[PDB]
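Here we start with a single chain on its own, the form solved without this ligand, put down as structure tokens.
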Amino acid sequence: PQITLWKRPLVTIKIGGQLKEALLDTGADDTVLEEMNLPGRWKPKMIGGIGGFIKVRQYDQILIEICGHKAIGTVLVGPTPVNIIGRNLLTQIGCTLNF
């Protein structure tokens, strides 16, 4: 699709059989989910943002379907009020910015 930005660009995603929604976020290097139970052991990892820095949980090789497009990569579990799809997955679905 072609998504305008008058509201937040939330899209439906599918991850481990569950439907969730998430934000297509060109300002995120990484993909970050709030709760999602991803299976097994995770690596600790730091990320930053406008407020400063926070510890999150890194899981690798995670399959998310985004609007029907399959993407496999790293997914962080962290304190975000919304699920965030970052550039690491946006690139794999062929997502571009256009004006």
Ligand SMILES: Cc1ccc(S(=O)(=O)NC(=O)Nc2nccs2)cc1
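From 1 onward, residues are counted along the sequence shown.
Just so you know, the form solved in complex with this ligand exists too; it's not on screen, but the next bit is about it.
Using a 4.5 Å cutoff between non-hydrogen atoms, residue 15 counts as a contact of this ligand in the deposited complex. In the deposited complex, residue 63 approaches this ligand with a heavy atom inside 4.5 Å. The closest non-hydrogen atom of residue 70 lies within 4.5 Å of this ligand in the deposited complex.
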